[PDB]
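Trainee: Please find the sequence and an experimentally derived structure below.
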Amino acid sequence: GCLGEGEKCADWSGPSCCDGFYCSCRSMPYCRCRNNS
């Protein structure tokens, strides 16, 4: 399952971000969603 909508990503369930928005964690320490424009 994805990570809700406003729900910040995390290694807990693995970043992914539900539909309508993609997550951007990468190897960097900073991670967060990213809705499409």
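Mentor: Cool, the structure landed. Residues are numbered from 1 along each chain as shown.
Trainee: How about the residue nearest the centre of the chain, nearest residue that isn't a chain neighbour?
Mentor: What sits nearest the mean C-alpha location of the chain, by CA atoms, centre = their mean, is residue 23, with 3.1 Å. Counting by CB to CB, 6 or more residues apart in numbering, residue 17 is the residue found nearest to residue 23 once chain neighbours are left out, at 3.7 Å. To be clear about C-beta, it is placed using only N, CA and C from the backbone, and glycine gets the same treatment.
Trainee: residues in contact with the one you found?
Mentor: By CB atoms under 8 Å, 6 or more residues apart in numbering, the contact set of residue 17 is 2-3, 5, 9, 23, 33-34.
Trainee: Then residue 21?
Mentor: Neighbour list for residue 21: 5, 33-36 [criterion: CB under 8 Å, 6+ apart].
Trainee: May I ask which of those has the most neighbours?
Mentor: When neighbours are counted by other CB atoms under 10 Å, residue 33 leads these with 22 neighbours.
Trainee: Okay, that one and residue 1: tell me how far apart.
Mentor: 15 Å (CB to CB, to the nearest Å).
Trainee: Could you do residue 10 as well?
Mentor: 13 Å.
Trainee: now swap in residue 13 and tell me
Mentor: 7 Å.
Trainee: Please say which of the two ends up with more neighbours.
Mentor: Per other CB under 10 Å, whichever of residue 13 and residue 1 has more neighbours is residue 13, with 12 against 7.
Trainee: Excluding chain neighbours, give the residue nearest to that one in space.
Mentor: Nearest to residue 13 is residue 3, by CB to CB, 6+ apart, at 6.2 Å.
Trainee: Is it correct that the one you found is in contact with residue 9?
Mentor: Yes - Residue 3 is within contact range of residue 9, at 5.2 Å (criterion: CB atoms under 8 Å).
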